[PDB]
Every structure is written in C-alpha cells, then in structure tokens.
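Residue numbering restarts at 1 for every chain, and letters A, B, ... go by the order of the sequence lines.
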Amino acid sequence: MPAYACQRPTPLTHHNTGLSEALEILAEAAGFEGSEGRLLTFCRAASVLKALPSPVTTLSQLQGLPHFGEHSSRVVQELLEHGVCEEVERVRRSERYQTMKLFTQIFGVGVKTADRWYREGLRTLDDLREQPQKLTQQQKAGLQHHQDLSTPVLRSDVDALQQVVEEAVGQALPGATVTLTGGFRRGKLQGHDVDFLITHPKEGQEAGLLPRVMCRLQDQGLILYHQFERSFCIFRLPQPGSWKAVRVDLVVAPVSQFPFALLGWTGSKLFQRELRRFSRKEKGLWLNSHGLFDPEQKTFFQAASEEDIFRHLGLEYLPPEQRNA
DNA sequence: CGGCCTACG
DNA sequence: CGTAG
DNA sequence: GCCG
Ligand SMILES: [Mn+2]
Ligand SMILES: [Mn+2]
Ligand SMILES: [Mn+2]
Ligand SMILES: [Mn+2]
Ligand SMILES: [Mn+2]
Ligand SMILES: [Mn+2]
Ligand code: NA
C-alpha cells in the first residue's frame with residue numbers, strides 16, 4: 001500500500017465502509033476542534049481502507065499499512081471486536097459535534113464561524129434566522145435555501161443544468177466548451193452540488209467570459225445567488241410545476257491551464273491535497289489548478305492532458321473513477 | 001521538531 | 001473569513 | 001495523528 005492517496009486507485013464502491021465512516025467521524029470532529037493535522041491523519045487512514053481489495057476482518061490485516069498507528073488501529077480493533085467504538089459513539093451523540101455539523105453544512109459557514117456561534121449558545125438554524133444581522137449575504141442565501149441544498153442532486157438535475165449552462169456559454173462565446181467536473185465526473189450518482197469547467201480552444205478568448213455567462217443566466221431567471229474566474233452560484237432549477245435551489249460552481253480557465261483545472265476540479269479533495277503534497281515533497285514541483293511549476297528553472301510544464309501531468313510527476317495514470325480517495 | 005494543498009471571492 | 005476540489 |  002503506497003503512502004500517498006494519489007499513488008493507488010480508489011474506486012467509488014469499496015469493501016470497508018463501516019471502518020472508513022468511523023475514522024471519518026473522528027476526522028470531522030478533529031476539524032471542529034481546530035486540529036487539521038489529526039483530521040488529515042484520520043482522513044488518510046480512512047482512505048487507505050477504501051483502497052484495500054477485501055474487507056478487513058482481523059486486526060492483523062492492518063499491520064504495515066500507512067497512516068495506521070495506535071489510535072486508528074484501536075478504533076478498528078474495537079469495531080471488529082464489538083461492532084462499535086466508544087469514542088466514535090461519544091462524538092456522534094455529543095451536542096458539540098451535532099451542532100457543529102449542522103452549522104458548517106450551511107453554505108457560507110465554516111468551522112471558525114460555527115464555533116463562535118456555538119460558544120454564544122446558538123444551537124439551531126432557527127436561532128441563526130432570529131439574528132439576521134449576524135449573517136453575511138452568502139450565509140443568508142445558504143440559510144434561505146438550506147432545505148433544498150440538503151436534497152441530493154441527481155443525474156437528471158446534472159443533465160438539465162449542463163444544458164442551460166451550455167446554452168448561456170454558447171450565447172456568451174461561440175466555440176466555448178462546458179465540462180462536468182467534481183464528484184459526478186468521478187462516477188458519483190448523487191452529489192451536494194454540480195461543478196462545471198468552461199474554456200475556449202483559442203487562448204485568450206475566454207477573458208471576461210464568466211460575467212457574460214452569469215448575466216445571461218440571471219436574465220433567464222436561473223440565478224438565486226451569486227457573488228472573476230470562479231462563481232459559486234445557487235441556481236433556480238425548474239422542476240415539474242415548480243423549482244428547487246441547487247448549488248452550481250462555474251469555473252473558467254484558459255485552454256493552456258485546462259488540464260490542470262480539470263485535474264484539480266475533478267478531485268477528490270483528499271486526492272488533490274495528496275497529489276499536491278506528493279508533487280512538492282517528492283518531486284520538488286509546485287502544483288495547483290493553473291499549472292505545475294519548477295521553482296529551480298522558473299518554468300511551467302506545458303500539459304495537453306491529465307495523463308501528461310501524471311507522467312511528469314512520475315505517477316501511474318488514474319482515471320477519474322479511481323480518484324475517490 | 002514541525003508539516004500537514006494551494007488557490008480565488 | 002468564506003469558497004473549491 | 002502520524003511521519004519525514
Ligand atoms: Mn474490547
Ligand atoms: Mn462538487
Ligand atoms: Mn487565475
Ligand atoms: Mn462545487
Ligand atoms: Mn510536534
Ligand atoms: Mn468538495
Ligand atoms: Na459551510
């Protein structure tokens with residue numbers, strides 16, 4: 001088992017969901033307490049189990065696995081021996097964990113904001129609504145549309161949204177293209193949002209595109225919220241006789257950057273953090289959604305595809321459906 | 001000891 | 001701070 | 001929390 005998640009395939013369907021879900025509760029709780037390092041270890045340990053070929057049934061099977069030390073192994077041990085881990089159950093049932101989960105799932109609210117509200121005694125969404133002066137415009141939109149945004153986005157919804165985004169993009173710039181990214185590109189059947197990457201084959205033609213696309217969507221009545229090259233939107237998606245709010249991210253990249261943006265926006269989140277860590281720490285190159293930089297030569301790698309980027313980093317290529325770390 | 005991804009809005 | 005994967 |  002390689003130590004970095006970008007070095008091994010991770011499929012969408014795997015064999016250790018119970019164990020990985022418990023470790024991911026501890027990771028989320030670590031984040032709520034402000035320990036990104038513990039969050040990362042528990043995330044990495046959960047991800048190792050997703051890459052295993054068979055169910056773990058005995059603690060022996062953890063020996064030598066990266067990111068399993070005393071704490072993560074004890075969690076697995078108790079799950080194998082008893083079906084539950086006391087620590088995980090204590091976190092699950094705690095008022096702090098439940099409220100921090102409730103608040104941070106709001107669009108516009110992160111850990112630091114949620115923690116302040118918790119310390120002020122707030123506990124419910126109705127508590128937040130009663131104090132609207134305490135909210136940014138982004139948070140007001142997240143709270144207003146919270147019920148809809150908690151409804152899984154389906155492929156039906158993705159296909160309808162891709163059509164209206166393609167229509168607006170084509171009206172804004174002939175020849176521009178729209179690519180579905182995010183979890184749906186990795187094969188997920190459901191999601192929390194839909195992510196799209198927009199470019200044009202002639203470098204430079206995409207300048208100014210996103211405001212033009214947004215104007216065109218807003219005048220078709222499709223936009224409930226928006227705030228450039230990244231737009232974090234809430235769309236008014238038509239449904240039979242009605243509509244529902246859906247989170248949509250629109251991203252524009254010049255075609256020279258498109259492979260890097262496609263790679264970054266396809267995820268998973270852990271996969272991409274691990275890939276950037278690998279790039280810098282193992283290969284001495286700096287990776288983001290715009291490019292891959294050699295800081296000694298002061299040059300950017302020219303990539304024509306995601307495959308080119310994996311090759312330049314000395315990694316076996318993984319298709320999107322194996323990036324579900 | 002001390003890092004842990006690296007951007008944009 | 002929030003957002004993104 | 002784990003590891004370079
Ligand atoms: Mn026991
Ligand atoms: Mn997404
Ligand atoms: Mn840019
Ligand atoms: Mn998104
Ligand atoms: Mn230390
Ligand atoms: Mn994400
Ligand atoms: Na949030």
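- Atom CH2 in A:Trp265 sits roughly 10 Å away from atom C1' in B:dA7 (whole-Å rounding).
- Paired runs in DNA chain D that reach 3 or more consecutive Watson-Crick or G-U pairs, where each pair keeps both distances under 3.5 Å, cover B:1-4 with D:1-4.
- When distances run from any side-chain atom of A:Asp195 to the nucleotides C:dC1, D:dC2, C:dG5, the shortest one goes to C:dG5.
- Rounded to an integer number of Å, the gap from A:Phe107 CZ to C:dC1 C1' is 13 Å.
- Distance from the side chain of A:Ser72 is smallest for D:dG1 among the nucleotides B:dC5, B:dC8, D:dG1.
- Note: A:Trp286 and A:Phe293 have tilted aromatic rings, judged against thresholds of 30 and 60 degrees for the angle between ring planes.
- Looking at residues two or more places apart in sequence or on another chain, you find no side chain to side chain donor-acceptor pair (under 3.5 Å) involving A:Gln105.
- Atom CZ in A:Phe278 sits roughly 18 Å away from atom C1' in B:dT6 (whole-Å rounding).
- For the pair A:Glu229 and A:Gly37, both in contact range of DNA chain B, the more 5′-proximal nearest nucleotide belongs to A:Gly37.
- As judged by a 4.0 angstrom heavy-atom cut-off over every strand, A:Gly264 is placed among residues touching the sugar-phosphate backbone only.
- Residue A:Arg44 places no side-chain N or O under 4.0 Å from the OP1 or OP2 atom of D:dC3.
- Per the geometry, CG belonging to A:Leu180 stands 13 Å off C1' belonging to C:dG5, to the nearest Å.
- Of the candidates B:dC5, B:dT6, D:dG1, the closest approach to any side-chain atom of A:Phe42 belongs to D:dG1.
- When each of D:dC2, C:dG2, B:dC5 is scored by its nearest atom to the side-chain atoms of A:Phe232, the top-ranked nucleotide is C:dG2.
- Contacts of A:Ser279 with the nucleic acid, taken as non-hydrogen atoms under 4.0 Å apart, are absent.
- Between A:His67 and the phosphate of D:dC2, there is no side-chain N or O to OP1/OP2 separation shorter than 4.0 Å.
- Aromatic pair A:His290/A:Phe300: centroids not less than 6.0 angstrom apart.
- The residues A:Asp115 and A:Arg96 are annotated as salt-bridged, a charged nitrogen and a carboxylate oxygen being separated by less than 4.0 angstrom.
- Remark: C1' of C:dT3 and CZ of A:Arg247 are 8 Å apart, rounded to the nearest angstrom.
- Between A:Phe301 and A:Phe260, the two ring planes are perpendicular [angle over 60°; tilted spans 30° to 60°].
- Atom CG in A:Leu128 sits roughly 16 Å away from atom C1' in C:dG2 (whole-Å rounding).
- A:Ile106 comes within contact range of the sugar-phosphate backbone alone, with a heavy-atom separation under 4.0 Å but no base atom that close.
- Using modelled atom types, one side-chain atom of A:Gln139 and one backbone atom of A:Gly108 make a donor-acceptor pair closer than 3.5 Å.
- Put simply, A:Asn288 has no side-chain N or O that comes within less than 4.0 Å of OP1 or OP2 on B:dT6.
- At least one side-chain nitrogen or oxygen of A:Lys281 sits closer than 4.0 Å to the OP1 or OP2 atom of B:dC4.
- For the pair A:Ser289 and A:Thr41, nearest-nucleotide mapping onto DNA chain B gives the more 5' position to A:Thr41.
- The separation between A:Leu270 atom CG and B:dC5 atom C1' is 11 Å, rounded to whole Å.
- Looking at heavy-atom distances under 4.0 Å, A:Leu287 makes contact with sugar-phosphate atoms alone, never a base.
- Classified by interplanar angle (parallel below 30°, tilted 30° to 60°, perpendicular above 60°), the ring pair A:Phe310/A:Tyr317 is perpendicular.
- Nearest to the side-chain atoms of A:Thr113 among the listed nucleotides C:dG2, B:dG9, C:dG5 stands C:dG2.
- For A:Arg276, counting side-chain heavy atoms from C-beta on, the closest listed nucleotide (C:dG5, D:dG1, B:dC4) is C:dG5.
- Between A:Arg280 and the phosphate of B:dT6, there is a side-chain N or O to OP1/OP2 separation shorter than 4.0 Å.
- The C1'-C2'-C3'-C4' dihedral of B:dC1 is negative. Its furanose therefore counts as south.
- If you find the closest nucleotide of DNA chain D to A:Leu40 and to A:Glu282, the one lying nearer the 5' end belongs to A:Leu40.
- For A:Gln138, the side-chain atoms get nearest to C:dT3 when compared with the rest of B:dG9, C:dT3, B:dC5.
- For B:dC5, the OP1/OP2 oxygens have a side-chain nitrogen or oxygen of A:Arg273 closer than 4.0 Å.
- In this structure, the NE2 atom of A:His290 is 15 Å from the P atom of C:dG5, given to the nearest Å.
- With both ends at atom P, the span from D:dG1 to B:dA7 equals 29 Å, rounded to whole Å.
- The aromatic rings of A:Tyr225 and A:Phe107 stand perpendicular to each other, their planes meeting at an angle above 60°, with 30° marking the opposite boundary.
- Looking only at atom types and distance, the side chain of A:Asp148 has no donor-acceptor partner in the side chain of A:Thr151 under 3.5 Å away.
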